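The structure under discussion appears below in the form of structure tokens.
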Amino acid sequence: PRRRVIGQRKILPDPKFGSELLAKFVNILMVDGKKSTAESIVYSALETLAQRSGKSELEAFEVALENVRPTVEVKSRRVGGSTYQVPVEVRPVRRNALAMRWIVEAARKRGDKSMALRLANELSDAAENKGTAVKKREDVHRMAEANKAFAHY
Amino acid sequence: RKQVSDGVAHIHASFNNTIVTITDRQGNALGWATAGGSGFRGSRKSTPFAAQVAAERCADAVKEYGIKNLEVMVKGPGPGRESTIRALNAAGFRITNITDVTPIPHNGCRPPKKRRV
Amino acid sequence: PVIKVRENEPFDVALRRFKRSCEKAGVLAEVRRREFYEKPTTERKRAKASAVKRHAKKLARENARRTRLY
Amino acid sequence: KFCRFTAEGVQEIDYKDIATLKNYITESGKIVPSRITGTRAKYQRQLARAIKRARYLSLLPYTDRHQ
RNA sequence: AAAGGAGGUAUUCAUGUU
RNA sequence: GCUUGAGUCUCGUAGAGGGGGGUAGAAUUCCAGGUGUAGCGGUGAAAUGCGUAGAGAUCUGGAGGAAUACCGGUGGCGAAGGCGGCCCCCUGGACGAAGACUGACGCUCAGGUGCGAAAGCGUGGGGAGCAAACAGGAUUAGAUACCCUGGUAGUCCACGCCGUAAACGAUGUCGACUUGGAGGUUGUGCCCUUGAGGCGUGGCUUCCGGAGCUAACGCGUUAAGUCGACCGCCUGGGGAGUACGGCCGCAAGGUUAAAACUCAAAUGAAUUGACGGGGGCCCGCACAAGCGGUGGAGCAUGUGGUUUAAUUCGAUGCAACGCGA
Ligand SMILES: [Mg+2]
Ligand SMILES: [Mg+2]
Ligand SMILES: [Mg+2]
Ligand SMILES: [Mg+2]
Ligand SMILES: [Mg+2]
Ligand SMILES: [Mg+2]
Ligand SMILES: [Mg+2]
Ligand SMILES: [Mg+2]
Ligand SMILES: [Mg+2]
Ligand SMILES: [Mg+2]
Ligand SMILES: [Mg+2]
Ligand SMILES: [Mg+2]
Ligand SMILES: [Mg+2]
Ligand SMILES: [Mg+2]
Ligand SMILES: [Mg+2]
Ligand SMILES: [Mg+2]
Ligand SMILES: [Mg+2]
Ligand SMILES: [Mg+2]
Ligand SMILES: [Mg+2]
Ligand SMILES: [Mg+2]
Ligand SMILES: [Mg+2]
Numbered sequence: 002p003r004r005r006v007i008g009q010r011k012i013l014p015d016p017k018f019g020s021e022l023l024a025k026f027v028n029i030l031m032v033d034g035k036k037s038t039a040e041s042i043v044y045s046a047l048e049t050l051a052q053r054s055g056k057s058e059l060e061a062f063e064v065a066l067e068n069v070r071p072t073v074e075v076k077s078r079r080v081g082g083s084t085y086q087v088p089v090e091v092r093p094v095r096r097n098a099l100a101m102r103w104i105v106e107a108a109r110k111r112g113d114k115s116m117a118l119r120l121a122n123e124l125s126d127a128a129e130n131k132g133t134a135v136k137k138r139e140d141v142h143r144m145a146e147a148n149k150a151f152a153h154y
Numbered sequence: 013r014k015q016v017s018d019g020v021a022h023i024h025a026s027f028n029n030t031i032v033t034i035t036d037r038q039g040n041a042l043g044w045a046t047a048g049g050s051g052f053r054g055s056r057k058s059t060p061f062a063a064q065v066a067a068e069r070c071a072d073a074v075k076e077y078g079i080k081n082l083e084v085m086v087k088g089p090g091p092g093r094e095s096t097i098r099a100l101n102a103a104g105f106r107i108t109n110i111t112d113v114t115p116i117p118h119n120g121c122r123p124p125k126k127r128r129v
Numbered sequence: 002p003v004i005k006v007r008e009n010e011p012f013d014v015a016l017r018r019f020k021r022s023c024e025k026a027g028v029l030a031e032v033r034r035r036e037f038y039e040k041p042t043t044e045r046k047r048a049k050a051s052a053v054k055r056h057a058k059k060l061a062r063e064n065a066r067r068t069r070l071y
Numbered sequence: 009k010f011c012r013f014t015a016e017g018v019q020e021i022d023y024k025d026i027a028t029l030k031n032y033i034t035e036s037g038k039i040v041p042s043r044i045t046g047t048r049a050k051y052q053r054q055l056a057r058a059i060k061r062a063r064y065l066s067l068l069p070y071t072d073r074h075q
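Protein chains in written order, with the deposited numbering: chain H, 2 to 154; chain L, 13 to 129; chain V, 2 to 71; chain S, 9 to 75.
Below is the structure:
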């Protein structure tokens, strides 16, 4: 805005694992306000990922998210009359949300049948560093490298 | 091939393009590199980062001669004018002299006419 | 603007010193003004008018330094 | 301020006096502006003429350049 | 080169060293 | 007759004032050569152009022309145009101090004479850079331009001609008087220069401002203030600084300078708005960050159009089009 710094809203922790990260993940996954189905899908995918990857659902999820987190994004400044595509370091709060959004979109695209199965496969791919989400992040980093010439603008 | 372990870096930095040339203290040129050869074209070749990468490419080129000491002569009003120096320092020569050799006339020849854009 | 690296002098410090020396010399300003020939009339105008503009602001400060802001 | 020449009542600046001239030229060999140095305008002109003569006589260098 | 901030309407402000 | 106006002399002062002649360094260009290799150049982005016969870059040497960074200043000088490295020769003007001298020798000036930026012309040189014309590449709907790469006259010198400029302070020359302040510059007197200081007295110069004046804007001891001498010029806008004639000019053209006709305004300053591809300050799902749509498909509905005997009428940028209904 112009003249408004409104305080952040009250967000409830996840019931199962008490995770604010997981709560935002559920909200991002949710469509049309169907929170129940979204949370069921999240829980199913997390359980499957736990069993396959490691020991704890939260551990596997965190590992994947970190493997997808972006260091740098690009924005479009407009100073010299023309618009410069410049890289810029992304703040910690935005990192998690961007990673989760990318993961969710990739999960939606994938060809597996169940949504839970799609999410589990995408999370595992992210953990293995071969997923569509990490590919998207790496392409963003590649663009940042391309436009690194404007790193002091 | 003939190791001398000290060179002079002529950094001709115009507005459009930057040319870095490593030469012996006497004047015989050893190796050179430019943003054009670095691949940047136009608005990207007129940027400091291109100057830095051209400096690095030149440093690699003259690596055969094994020069260690390095005095720098920067000439011309170029966009980088400094990224070349930082690139050389990173490449790992001991920078001995930093000298400006911009040719300023004492009211000599008349410059070309002012642009109406 | 000749600079020779001092004994036990960091490279970043020397680089900053060199930029300072270039600034004090005014080399970029000189080349930037000398790139294109201004007409003698243009020079005389664009300088006298700017000088009078400076004088006016000096007067404005010296006068308006005797008023109640609030 | 503190015009040095009028403090001693100096009659004329001598181009043979290199030390003062070196104190009134910059490190590049350019003549220091009178507003900065605080000299009176008359002595400023005299000093400028003397410095130019010294430059011709190669007692002072023209510019901090190749030569 | 641009932006932010400070001082000045800016200068004598020992030299030395640097 | 007189000495107050005017002028002369004595001693100094500052000055890009003028003419002539030398010289210095930086820089650009070119040439020769060494090193070295594939780009250079240029733009908003490109191409023309240049480079393997070796460019651009870098070092050395040489040639040539033009101009004088810094100092540099709402600083100085000159009647105006104008004058800017340093040195010498010739030369003009201004100002200060103290005196001495001449004794109205003064001011202005139609015709006349001279000087008079830049472009231009004639003759002969010179030619680095820049650059009308011109050539090419772009841009664009077009681009006989702005942009880019080249590039001739010219720009420079000598001698002649031209003789105009927003040749402007848009303010003719000279003289007298009328409150102030802050500066700059250049003299000069005195006070202990109590050390860079303090108090005077001149000349030139910038800004602010009082009375007063002015249509207002503003000017304001450098008047556009109060007066005195002489001279030039104006008489509505266009037609028109044009025609004719005269004079000058190698020419380009310059100077002097109308008329018919036509309109009822043309203008100056200032005021309130609106606007600006002027400036600053602030806000709104205005943008940005997001989510979900529309524009693709089928159907509902409104409008346009077309058709019809009638397809009743109205709404039709936003602010009409599931509107009156
Ligand atoms: Mg150019
Ligand atoms: Mg001429
Ligand atoms: Mg001629
Ligand atoms: Mg000729
Ligand atoms: Mg051109
Ligand atoms: Mg006239
Ligand atoms: Mg004028
Ligand atoms: Mg007139
Ligand atoms: Mg006034
Ligand atoms: Mg005529
Ligand atoms: Mg005429
Ligand atoms: Mg005639
Ligand atoms: Mg709102
Ligand atoms: Mg948006
Ligand atoms: Mg359609
Ligand atoms: Mg549709
Ligand atoms: Mg139906
Ligand atoms: Mg009706
Ligand atoms: Mg209807
Ligand atoms: Mg109707
Ligand atoms: Mg509605």
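All C-beta atoms, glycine included, are put in the ideal place defined by N, C-alpha and C.
Evaluate the contact criterion for the segment 70 to 89 of chain L versus the segment 135 to 144 of chain H: three or more CB pairs, one atom per stretch, below 8 Å.
-> no
CA-to-CA distance, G19(L) to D36(L), given in whole angstroms = Here residue 36(L) is taken as the residue at index 24 of the second sequence, counted from 1. Here residue 19(L) is taken as the residue at index 7 of the second sequence, counted from 1. Taking the straight line from one Cα to the other gives about 5 Å.
If the cut is a Cβ gap below 9 Å, which residues of chain L does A15(V) touch?
-> The residue labelled residue 15(V) in the question sits at position 14 within the third sequence. Near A15(V) (Cβ distances below 9 Å), the residues of chain L are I107, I110.
Does the beta-carbon of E58(H) have 16 or more other beta-carbons within 10 angstroms, so that it is buried, or is it exposed?
-> What you label residue 58(H) is simply residue 57 of the first sequence in a count that begins at 1. Under this definition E58(H) is a buried residue.
Kindly indicate which three-state DSSP category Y77(L) falls into: helix, strand or coil?
-> The residue labelled residue 77(L) in the question sits at position 65 within the second sequence. Of the three classes helix, strand and coil, the one that applies to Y77(L) here is helix, per DSSP.
Between the Cα of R63(S) and those of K50(S), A15(S), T14(S), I39(S), spot the shortest distance and give me the residue it belongs to.
-> As a position in the fourth sequence, residue 63(S) is number 55, starting the count at 1. For the residues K50(S), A15(S), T14(S), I39(S), the minimum Cα distance to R63(S) belongs to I39(S).
Exposed or buried, what is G104(L) when buried is set at 16 or more other beta-carbons lying within 10 Å of its beta-carbon?
-> One-based indexing of the second sequence puts residue 104(L) at position 92. With fewer than 16 other Cβ atoms within 10 Å, it is exposed.
Could you give the DSSP three-state label for residue 76(S): helix, strand or coil?
-> In the structure displayed, chain S extends from 9 to 75; residue 76(S) sits before or after that span and is not available.
According to the Cβ coordinates, are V75(H) and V87(H) closer than 8 Å?
-> If you number the first sequence from 1, residue 75(H) lands on position 74. If you number the first sequence from 1, residue 87(H) lands on position 86. Contact: yes.
Closest to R128(L) by CA distance: which of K59(V), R66(V), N64(V), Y38(V) is it?
-> Counting from 1 along the second sequence, the entry for residue 128(L) is found at position 116. Among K59(V), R66(V), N64(V), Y38(V), the Cα nearest to that of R128(L) is on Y38(V).
Within 8 Å (strictly less), CB to CB, does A150(H) reach chain L?
-> Within the first sequence, the letter at position 149 stands for residue 150(H). Yes, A150(H) lies at the interface with chain L (some Cβ there is under 8 Å from its Cβ).
Three-state secondary structure (DSSP) of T34(S) | Locating residue 34(S) in the fourth sequence gives position 26, where the first residue counts as 1. The answer is coil: DSSP assigns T34(S) none of H, G, I, E or B.
Looking at chain V, which residues of the segment 23 to 47 of chain S have a Cβ within less than 9 Å of any of its Cβ atoms?
-> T34, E35, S36, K38
Quick one: list the residues of chain V neighbouring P123(L), beta-carbon separation under 9 Å, in chain order.
-> Against the second sequence, residue 123(L) aligns to sequence position 111. Ordered by position in chain V, the residues that pass the 9 Å Cβ test against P123(L) are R35, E36, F37, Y38.
Output, in chain order, the set of chain L residues within a Cβ distance shorter than 8 Å of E44(V).
-> Looking up residue 44(V) in the third sequence gives position 43. Near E44(V) there are no residues of chain L at all, since even the closest Cβ is about 12 Å away, more than 8 Å.
Limits of the alpha helix (DSSP H) - the one that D112(L) falls within = Here residue 112(L) corresponds to residue number 100 of the second sequence, with the count starting at 1. Premise fails: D112(L) lies in the beta strand (DSSP E), 106 to 112, not in any alpha helix (DSSP H).
Got a sec? Which residues, its chain only, sit under 6 Å from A47(L) by beta carbon, not counting five neighbours each side?
-> Residue mapping note: residue 47(L) aligns to position 35 of the second sequence, counting from 1. Closer than 6 Å at the Cβ level, and outside the excluded window around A47(L), lie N29, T30, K57, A62, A66.
Alpha-carbon to alpha-carbon, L60(V) and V28(V) = As a first step, residue 28(V) is located in the third sequence; it is residue number 27 there, counting from the start. As a first step, residue 60(V) is located in the third sequence; it is residue number 59 there, counting from the start. Each residue's alpha carbon lies about 32 Å from the other.
Inspect the beta-carbon positions of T111(L) and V6(V) and report whether they are closer than 8 Å.
-> Start at 1 with the first residue of the second sequence, and residue 111(L) comes out as number 99. Start at 1 with the first residue of the third sequence, and residue 6(V) comes out as number 5. It is not a contact, given that the beta carbons lie outside the stated cut-off.
State yes or no: is the beta carbon of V32(V) nearer than 8 Å to at least one beta carbon in chain S?
-> Working through the third sequence from its first residue, we reach residue 32(V) at position 31. Chain S contact via Cβ: absent.
What are the boundary residues of the alpha helix (DSSP H) that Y154(H) is part of?
-> Along the first sequence, read from residue 1 onward, the residue named residue 154(H) stands at position 153. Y154(H) -> no alpha helix (DSSP H), and no H or E assigned at all.
Within its chain, find whatever has a CB closer than 7 Å to the CB of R96(H); leave out the 5 residues flanking it on each side and keep chain order.
-> Within the first sequence, residue 96(H) is the residue found at index 95, counting from 1. Correct list, in chain order: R70, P71.
Below 8 Å between beta carbons: does that hold for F10(S) and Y51(S)?
-> Position 2 of the fourth sequence, counted from the first residue, corresponds to residue 10(S). Position 43 of the fourth sequence, counted from the first residue, corresponds to residue 51(S). No. Outside cutoff.
Report the neighbours of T59(L) on chain H: residues whose CB is nearer than 7 Å to its CB, in chain order.
-> As a working mapping, residue 59(L) is identified with position 47 in the second sequence. Ordered by position in chain H, the residues that pass the 7 Å Cβ test against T59(L) are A150.
To the nearest angstrom, report how far apart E123(H) and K25(H) are at their CA atoms.
-> Indexing the first sequence from 1 puts residue 123(H) at position 122. Indexing the first sequence from 1 puts residue 25(H) at position 24. If I take the Cα positions, the gap works out to 18 Å.
Which value, in whole angstroms, describes the spacing of the CA atoms of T71(S) and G37(S)?
-> Residue mapping note: residue 71(S) aligns to position 63 of the fourth sequence, counting from 1. Residue mapping note: residue 37(S) aligns to position 29 of the fourth sequence, counting from 1. Distance between the alpha carbons of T71(S) and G37(S) is about 5 Å.
Near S26(L), what residues of its chain come up, given a Cβ to Cβ distance below 8 Å and the 5 sequence neighbours on each side ignored?
-> To locate residue 26(L), count along the second sequence from 1; it is residue 14. For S26(L), where only same-chain residues beyond five positions count, the Cβ hits under 8 Å are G88, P89, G90.
Simplified DSSP assignment, three categories, for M31(H) | Translated into positions along the first sequence, residue 31(H) becomes position 30. DSSP places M31(H) in coil when its eight states are reduced to three.
Applying a beta-carbon distance threshold of less than 8 Å, which residues of chain L neighbour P41(V)?
-> Position 40 of the third sequence, counted from the first residue, corresponds to residue 41(V). Simply none; closest approach about 12 Å.
Indicate the three-state DSSP secondary structure (helix, strand or coil) for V6(V) in the structure shown.
-> For the purposes of this step, residue 6(V) is identified with residue 5 of the third sequence, where counting begins at 1. It is coil, neither helix nor strand.
Alpha-carbon spacing of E106(H) relative to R4(H), whole angstroms | The residue labelled residue 106(H) in the question sits at position 105 within the first sequence. The residue labelled residue 4(H) in the question sits at position 3 within the first sequence. Taking the straight line joining both Cα atoms gives about 33 Å.
Of all Cβ atoms in chain L, is any one closer than 8 Å to the Cβ of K5(V)?
-> Your numbering for residue 5(V) matches position 4 in the third sequence. Chain L contact via Cβ: present.
Taking the Cβ atom as the reference point for each residue, do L42(L) and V74(L) lie within a distance shorter than 8 Å?
-> Along the second sequence, one-based indexing puts residue 42(L) at 30. Along the second sequence, one-based indexing puts residue 74(L) at 62. Yes, these two residues count as a Cβ contact at 8 Å.
Nearest residue (CA-CA) to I42(H), options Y154(H), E129(H), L118(H) = For the purposes of this step, residue 42(H) is identified with residue 41 of the first sequence, where counting begins at 1. For the residues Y154(H), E129(H), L118(H), the minimum Cα distance to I42(H) belongs to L118(H).
So, using beta-carbon positions, are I59(S) and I26(S) closer together than 8 Å?
-> Locating residue 59(S) in the fourth sequence gives position 51, where the first residue counts as 1. Locating residue 26(S) in the fourth sequence gives position 18, where the first residue counts as 1. Cβ distance not < 8 Å, so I59(S) and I26(S) don't count as in contact.
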